[PDB]
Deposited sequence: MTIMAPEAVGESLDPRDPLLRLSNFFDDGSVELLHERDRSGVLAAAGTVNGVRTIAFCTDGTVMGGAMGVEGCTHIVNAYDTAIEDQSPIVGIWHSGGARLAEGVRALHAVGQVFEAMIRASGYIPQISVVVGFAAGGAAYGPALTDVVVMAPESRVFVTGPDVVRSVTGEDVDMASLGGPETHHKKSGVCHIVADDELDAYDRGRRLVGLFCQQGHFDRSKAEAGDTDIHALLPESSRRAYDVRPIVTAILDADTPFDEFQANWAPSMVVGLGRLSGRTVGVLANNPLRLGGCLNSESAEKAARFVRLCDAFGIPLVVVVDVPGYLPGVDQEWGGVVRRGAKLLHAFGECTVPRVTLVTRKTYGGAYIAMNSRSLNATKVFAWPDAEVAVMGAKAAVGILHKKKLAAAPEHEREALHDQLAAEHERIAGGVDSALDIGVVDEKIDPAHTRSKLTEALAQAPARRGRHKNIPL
């Protein structure tokens, strides 16, 4: 068969021998089907790249809409395998309208059933907006639109495998299992640099926290890189992770990392996936020539996302959480389920020397020039004696517990396990 054969692609994605067409095969450029993905009933449609390059027409779209109606009624996940130049120019507005009805089915399914898009060939026009309306997009390299794609696979068959694993993360979420959690505990603090000033890649820490025998499905890895988000499993339970990555921009929030984080929070809240929020944030950055508009609009959306969130969400402060960004990274004010901190963590408005410079500016300015840098250094010292660390914040109430890093998984798992499935 041709590699682009739709029934070939539906068969590679589904469990062997499980495919069951939902309509007679034809020249419409779409084939839809019921199958299983590791036992889960799944609906899937494939565009037929062999007919008119997969251009969508009235009858192809009517198959997709029917497949959505089938999947909405079964409460089944629906997977779309995409390879299409867009709408069929010759069918005119009728095809435009039918493509519109595809979007309207995707909007109806939104947050109801999970929707995965596996993009395996050229995808343009209505065939780029289609996937943009689903929850997760997997793109085979065989296919400039930054932020739109979530997971880049190695190739067409690797794309079907990540797509299969997404189905299992969304419809086979599991229970937290306190006993596996403690079997996996390690000293995650060891992965930190000995200098609090040195930068590091936070992904090893995300990898330490999550189960050893399961991949970490990082979303949008190359877009907004000061922020890491993705799905994984924590003691067998599907969890969503969000983590400032101090290797990029010093781990600060900005307009794009706020958007990446906020869209992910909303996605997990929609399907009941609890969140682990690993925090190491020194502040936030503006735009390209100093425009705060994006970080204000996008940062508000991030607040809104955590604010309205209703799944368990637990925060772990590894090193430092400063100022306005402290609030946005799932803080107590915004109803975080629990807030943990590693023993050496700092919860402050800014650095101690930066904060003394402002708080005692008049004092500092009145002092002789041959004693300022000496008084500033010492003023900063008594400042950290009363502020800065976990002990201050524990007393205020914004950190619930100082935890030994060797017990991060247990503490996180236990905190997640006693929240309700909803309300926060």
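Gaps in the model relative to the deposited sequence occur at 1-12, 156-185, 467-473, listed in sequence order.
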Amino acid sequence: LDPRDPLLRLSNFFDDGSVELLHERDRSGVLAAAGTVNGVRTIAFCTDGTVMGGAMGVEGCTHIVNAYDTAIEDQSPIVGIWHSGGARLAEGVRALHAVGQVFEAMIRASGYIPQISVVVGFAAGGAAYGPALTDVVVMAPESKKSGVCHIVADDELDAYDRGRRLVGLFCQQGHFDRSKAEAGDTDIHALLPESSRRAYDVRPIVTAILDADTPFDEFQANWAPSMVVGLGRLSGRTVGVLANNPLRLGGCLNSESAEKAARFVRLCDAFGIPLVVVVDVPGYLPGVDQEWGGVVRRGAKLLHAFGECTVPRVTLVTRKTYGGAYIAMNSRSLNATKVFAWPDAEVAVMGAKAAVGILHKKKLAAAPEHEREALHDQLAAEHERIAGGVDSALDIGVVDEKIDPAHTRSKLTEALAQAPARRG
From here on, numbers count along this sequence of modelled residues.
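As listed in the deposited structure, the average C-alpha B-factor of 40-48 and of 368-376 is greater for 368-376. Taking the mean C-alpha B-factor of each stretch as recorded, 63-71 and 353-361 are not equal, and the higher mean is that of 353-361. Residue-level inspection of the entry shows that, of 307, 147, 114, 100, 147 has the top Cα B-factor. Within the group 84, 186, 134, 220, the record's highest C-alpha temperature factor is found at 186.
Among all modelled residues in this chain, the alpha-carbon of residue 280 has a temperature factor (C-alpha) in the highest third.
Per the deposited record, the Cα B-factor of residue 399 falls in the middle third when ranked against the other modelled residues of its chain. In the deposited entry, the Cα temperature factor of residue 21 places it in the lowest third of its chain's modelled residues. Split the chain's modelled residues into thirds by C-alpha temperature factor. Residue 88 is in the lowest one.
In this PDB entry, the Cα temperature factor of residue 29 sits in the middle third of its chain's modelled residues.
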